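Quick setup: one chain, the form deposited in one PDB entry, written in structure tokens, and binding and motion questions come after.
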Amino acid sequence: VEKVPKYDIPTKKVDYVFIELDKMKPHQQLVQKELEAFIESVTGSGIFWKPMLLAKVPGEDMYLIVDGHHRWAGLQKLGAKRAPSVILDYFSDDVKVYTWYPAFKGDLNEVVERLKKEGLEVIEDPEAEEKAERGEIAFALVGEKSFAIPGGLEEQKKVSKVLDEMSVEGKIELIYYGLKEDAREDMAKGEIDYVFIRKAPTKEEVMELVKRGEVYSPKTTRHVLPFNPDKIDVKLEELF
């Protein structure tokens, strides 16, 4: 579940170009339910109406997937070869990269234990949020108390993996907030107990990870773009 600000992003009529799926590089792990929903939808209508948003990888014959991970993965699993795509000026100041703020209503002790079980530390620390925003720890975990979760990407992946696991199990309610202060607003309402805060990746870091053949956890990047492409008229049969 997502709570984003009411982003007035304009729709613009940008044309698409077919790009081969094997030239597209993901920067996040897939979410299997999102993959499956895309597959049901596209095969249901046989129309692919939402172009991929791509960025050329400097120095390679390859494109970063900016938006479209499950479209990409779902088309590949169906046997398709290409997708209609819009190529972005990614390094333009008009494109911004934020993150998501996983927030939870639930009990901190089950969550702290099942983080500790996957190898993480969870250390009470009043500077945790400050450290996380400078990118010095994996996450700050902030509610009634404040906890530092040390590490880097490996530990961020475990946190995401645990928060999704105990969703799958059913012990927690979980909103990904676009803004941490909207999670802190709702925190004060009683609807949210804890929020996980990490530093957002930069563009250069996103490219760097992709060039290393690595990926972030789901819900790591939150791109704010200068436009949403207008919808397109492409038949699924055209993609094979």
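Note that residue numbering follows the sequence shown and begins at 1.
When the C-alpha B-factors of 171 to 179 and 199 to 207 are averaged, 171 to 179 comes out higher. Mean C-alpha B-factor is higher over 188 to 196 than over the other stretch, the pair under comparison being 188 to 196 and 62 to 70. Comparing the C-alpha B-factors of 157, 77, 114, 81 in the entry, the top value falls on 114. Set against one another, the Cα B-factors of 85, 146, 92, 99 in the record reach their highest point at 146.
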